[PDB]
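Structure first, commentary second.
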Amino acid sequence: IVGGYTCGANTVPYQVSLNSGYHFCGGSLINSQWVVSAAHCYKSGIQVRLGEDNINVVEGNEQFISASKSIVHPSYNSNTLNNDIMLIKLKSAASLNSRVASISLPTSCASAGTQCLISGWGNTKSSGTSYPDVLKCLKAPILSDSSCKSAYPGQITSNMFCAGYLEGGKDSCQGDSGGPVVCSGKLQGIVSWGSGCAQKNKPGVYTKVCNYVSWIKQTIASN
Ligand SMILES: CN/C(=N/C#N)NCCSCc1nc[nH]c1C
Ligand SMILES: [Ca+2]
Ligand SMILES: [Cl-]
């Protein structure tokens, strides 16, 4: 997260770190046994880390649970990033509490202007590189479809929305991938892609989760 603030330990209790020897992607807990992330975060050997603030220090609220099953969206295209969504089933149910909690799926799609909370352990600099160890937060509005398409001509599908600031300075970045965009207690987005981070007229591009709710519920019900 560039131009954000320190969330505060366990204030984003649905935020997960995906770990393969190191944090490499975020995710969102949507029930005791399932995480939503980006398809582009897919790899084997995933350990899901919940109750995390400092990902380099055991602080006392962590649950470390291995993935049993990953499911990349059937229609994921790694070239266009269309349908950038993946489900991870945990080997055991997470123990749910104030610091480890599922986030609600949307019943309706969110609209441009809706303020959202974007979070992750990604890079904090526009130019150069510094990884925070504690979770960073950004309040960002959803941008209009027309702005998003003007910013990235030829690239924005019906499964994508822009959120952030066309003036730049405030964005998601490298390592925030797969992480949540929450708007009024609902998971409306997944950190998917962008052009650099926090550049003028190059806002963050998010997976539009409301399009995927029936696939998510169907998949959970049979897996
Ligand atoms: C992560 N999504 C973003 N939000 C915004 N801006 N940032 C876009 C670039 S981040 C770095 C990168 N680019 C390709 N692969 C990787 C890991
Ligand atoms: Ca920790
Ligand atoms: Cl529009």
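Here this note's numbering is used: the sequence shown runs in plain steps of one and ends on residue 226.
Here a beta-carbon is modelled for each residue, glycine too, at the ideal position from N, C-alpha and C.
Problem - the region 122-137 contacting the region 175-187, beta-carbon criterion three pairs below 8 Å - result: yes
Exercise for the section: Tell me, please, which residues DSSP counts as bridged to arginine 52. Expected result: As a position in the sequence shown, residue 52 is number 49, starting the count at 1. Beta-bridge pairing links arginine 52 to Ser20 and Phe67.
Exercise for the section: Report the three-state DSSP secondary structure of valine 5 (helix, strand or coil). Expected result: The residue labelled residue 5 in the question sits at position 2 within the sequence shown. Strand, per DSSP.
Problem - beta-carbon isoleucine 58 near ligand 4 non-hydrogen atom, thresh 7 Å - result: As far as ligands go, the structure on display features ligand 1, ligand 2 and ligand 3 and does not contain ligand 4.
Exercise for the section: Identify, in the order they occur along the chain, each residue of the same chain with its Cβ nearer than 8 Å to the Cβ of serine 111, setting aside the five sequence neighbours on each side. Expected result: One-based indexing of the sequence shown puts residue 111 at position 108. Counting only Cβ-Cβ distances below 8 Å, and skipping sequence neighbours, we find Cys213.
Exercise for the section: Out of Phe164, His76 and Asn34, state which residue places its alpha-carbon closest to the alpha-carbon of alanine 104. Expected result: In the sequence shown, the residue the question calls residue 104 occupies position 101. With distances taken between Cα atoms, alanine 104 lies closest to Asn34.
Problem - Among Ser217, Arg52, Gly188 and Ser147, the one whose alpha carbon lies nearest that of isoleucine 121 - result: Translated into the one-based positions of the sequence shown, residue 121 becomes position 118. The residue with the shortest Cα to Cα distance from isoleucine 121 is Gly188.
Exercise for the section: Within the same chain, show all residues whose beta-carbon is closer than 8 Å to that of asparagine 80, passing over the 5 residues directly before and after it, in chain order. Expected result: Taking the first residue of the sequence shown as 1, we reach residue 80 at position 77. So the list reads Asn86, once near-sequence residues are dropped.
Practice task
Give a yes or no on whether the C-beta atoms belonging to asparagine 64 and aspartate 136 are separated by under 8 Å.
Solution key: The sequence position of residue 64 within the sequence shown is 61, counting from 1. The sequence position of residue 136 within the sequence shown is 133, counting from 1. Contact flag unset, no.
Practice task
Note down, in chain order, each residue of its chain lying with its Cβ closer than 6 Å to the Cβ of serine 31, except the 5 sequence neighbours on either side.
Solution key: As a first step, residue 31 is located in the sequence shown; it is residue number 28 there, counting from the start. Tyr17, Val39, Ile106, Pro183 and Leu190.
Problem - Between the CA atoms of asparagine 13 and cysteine 165 - distance to the nearest angstrom - result: Position 162 of the sequence shown, counted from the first residue, corresponds to residue 165. Position 10 of the sequence shown, counted from the first residue, corresponds to residue 13. Those two C-alpha atoms are separated by around 26 Å.
Handout entry: Alpha-carbon spacing of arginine 52 relative to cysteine 151, whole angstroms
Key = For the purposes of this step, residue 52 is taken as residue 49 along the sequence shown, with counting starting at 1. For the purposes of this step, residue 151 is taken as residue 148 along the sequence shown, with counting starting at 1. Approximately 32 Å, taken between the alpha carbons.
Exercise for the section: Check whether the Cβ of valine 61 lies closer than 7 Å to any heavy atom of ligand 2, and answer yes or no. Expected result: Position 58 of the sequence shown, counting from 1, holds the residue named residue 61. It does: the Cβ of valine 61 is within 7 Å (strictly closer) of some heavy atom of ligand 2.
Exercise for the section: Specify, as a first and last residue, the run of the beta strand (DSSP E) that residue 229 falls within. Expected result: One cannot answer for residue 229 here, as it falls past the ends of the chain, which runs 4 to 226.
Exercise for the section: Check whether the Cβ of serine 147 lies closer than 7 Å to any heavy atom of ligand 3, and answer yes or no. Expected result: Locating residue 147 in the sequence shown gives position 144, counting from the first residue. Yes, ligand 3 has a heavy atom inside 7 Å of this Cβ.
Problem - Nearest-angstrom Cβ-Cβ length linking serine 95 and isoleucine 74, presumed shorter than 8 Å - result: Indexing the sequence shown from 1 puts residue 95 at position 92. Indexing the sequence shown from 1 puts residue 74 at position 71. Contact doesn't hold; Cβ gap of about 18 Å is too wide.
Problem - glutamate 55 versus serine 20: straight-line alpha-carbon distance, rounded - result: The residue labelled residue 55 in the question sits at position 52 within the sequence shown. The residue labelled residue 20 in the question sits at position 17 within the sequence shown. The straight-line gap from Cα to Cα measures roughly 7 Å.
Problem - Opening and closing residue of the alpha helix (DSSP H) in which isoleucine 91 lies - result: Walking along the sequence shown from the start, residue 91 turns up at place 88. Note, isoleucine 91: premise wrong, no alpha helix (DSSP H); beta strand (DSSP E) at 89-93.
Handout entry: Assigned exposure category for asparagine 204 - 16 Cβ within 10 Å defines buried
Key = Working through the sequence shown from its first residue, we reach residue 204 at position 201. Under this definition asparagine 204 is an exposed residue.
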